[PDB]
Each structure stands twice: as C-alpha cells, then as structure tokens.
Amino acid sequence: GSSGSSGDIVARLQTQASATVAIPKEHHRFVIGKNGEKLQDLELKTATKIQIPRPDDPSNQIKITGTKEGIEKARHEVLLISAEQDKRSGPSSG
C-alpha cells in the first residue's frame, strides 16, 4: 500500500482548473523534446495548455490548464520524466 484511495466526491465538471509542477530548468527540456516535439505530443495527448517559462526567467514551474483528467495526464507524465532524471545513474547515452 503506497497510493490509491482516490475516491470521488460529488462535484460538477462545468469549469476549468489550472495546476503547476515545480521542476528544474534542466528537466524543462526533457518535456519539450530534442527539437520540440515532446511538448507537442503532450499538449495533444493531454489536450491541455502547457506553458514553460523562459530560460532566463526565475520561474522553473510549468503551468498546466485544462480538464481535471487532461492536466492530470500531463502532470503525471511531466513528473514521471522529471523524476527519472533525479534517480539518474550515469551519462545518459542517447
């Protein structure tokens, strides 16, 4: 037992929310893609509005807006990737 017990509290879905993910500017790239395809796929697959801060801005937290399910998908992916980096081992070859 580590996670779960999501539960569901009676709540309408006639609104829009927005969340953020605190990550290092070094991982922001791993979310955008080698040339700039990753972010694209995410924005679509999740159908959310991802917004990454400039490489000179003191803001290293990404913004995700959309459907409770959409933002979640992007938040779960953006985190999974950024997390793996933290558990790195050596010189990522390839």
# chains A, B, ... in the order shown; residues from 1 in each chain; ligands from 1
>>> residues_around(residues="residue 57 (chain A)", least_positions_apart="5", cutoff="12 Å", atoms="only C-alpha atoms", output="ChimeraX atom specification")
/A:25,52,62
>>> write_last_selection(atoms="C-alpha atoms", output="short mmCIF file (atom, residue, chain, number, x, y, z; two decimals), in the first residue's frame")
data_model
loop_
_atom_site.label_atom_id
_atom_site.label_comp_id
_atom_site.auth_asym_id
_atom_site.auth_seq_id
_atom_site.Cartn_x
_atom_site.Cartn_y
_atom_site.Cartn_z
CA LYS A 25 15.05 24.23 -15.67
CA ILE A 52 7.02 26.76 -19.93
CA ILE A 62 5.42 24.64 -15.52
#
>>> closest_atom_pairs(of="region 32-66 of chain A", to="region 4-17 of chain A", cutoff="10 Å", atoms="only C-alpha atoms", output="Markdown table")
| residue | atom | partner | partner_atom | distance |
| --- | --- | --- | --- | --- |
| A:64 | CA | A:17 | CA | 8.7 |
| A:65 | CA | A:17 | CA | 6.0 |
| A:66 | CA | A:16 | CA | 6.0 |
>>> residues_around(residues="region 68-78 of chain A", least_positions_apart="5", cutoff="12 Å", atoms="only C-alpha atoms", output="ChimeraX atom specification")
/A:11-24,27-33,38-52,61-63,83-85
>>> atom_distance(atom1="CA of residue 91 (chain A)", atom2="CA of residue 56 (chain A)")
25.5 Å
>>> select_by_dssp(residues="region 18-85 of chain A", states="alpha helix (DSSP H)", output="count of residues only")
28
>>> select_by_dssp(residues="chain A", states="strand (DSSP E)", output="number ranges by chain")
A: 17-22, 61-66
>>> atom_distance(atom1="CA of residue 94 (chain A)", atom2="CA of residue 58 (chain A)")
29.0 Å
